[PDB]
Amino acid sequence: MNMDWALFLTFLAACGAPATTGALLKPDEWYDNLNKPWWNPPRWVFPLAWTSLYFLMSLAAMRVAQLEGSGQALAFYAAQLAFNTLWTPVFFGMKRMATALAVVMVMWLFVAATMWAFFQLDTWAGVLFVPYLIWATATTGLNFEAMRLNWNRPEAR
């Protein structure tokens, strides 16, 4: 088991895809006007938490990918990253809060699944995913509350 830099930089580069979704956001008065739970962090917290988790999940996948029988784990990981990349555009871009809520739940389930598979192969890779899963749970709660506490128009069918 090593710090393998070809693996870790490949997974890190991969997190460049969700990274662009967040960067390409402007200040948005639609989001500024939303009612929000008291525990909603300020917007500057999110790039730093997401950045940290990009490093933690890339370090976790890096370990797992040096181990035998890791295919199912890395299938869960590919699915996790892909629905994570899809959420931000759906919520902030298209402003479809219901559809984004379905998305972040499919994400949460694949994050939990990865973490679990990771735990069957490597406790540290599993442990590295725990703050991801927590952050994903809060993200689900935030999307859910944005929809509970606000007016939603109908989405394009």
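Numbers for residues come from their place in the sequence shown, where the first is 1.
### Task
Identify the stretch, either 18-26 or 5-13, whose C-alpha atoms have the larger mean B-factor according to the entry.
Higher mean C-alpha B-factor in the PDB entry: 18-26.
### Query
Got a sec? Mean C-alpha B-factor, which is higher, 28-36 or 90-98?
Taking the mean C-alpha B-factor of 90-98 and of 28-36, the larger value falls to 28-36.
### Query
From 45, 62, 106, 117, which pick has the Cα B-factor that tops the rest in the entry?
Most elevated C-alpha B-factor of the set, per the entry: 45.
### Message
Looking at the temperature factor on the CA atom of residue 131, which third of the chain's modelled residues does it land in?
### Response
Middle third by C-alpha B-factor.
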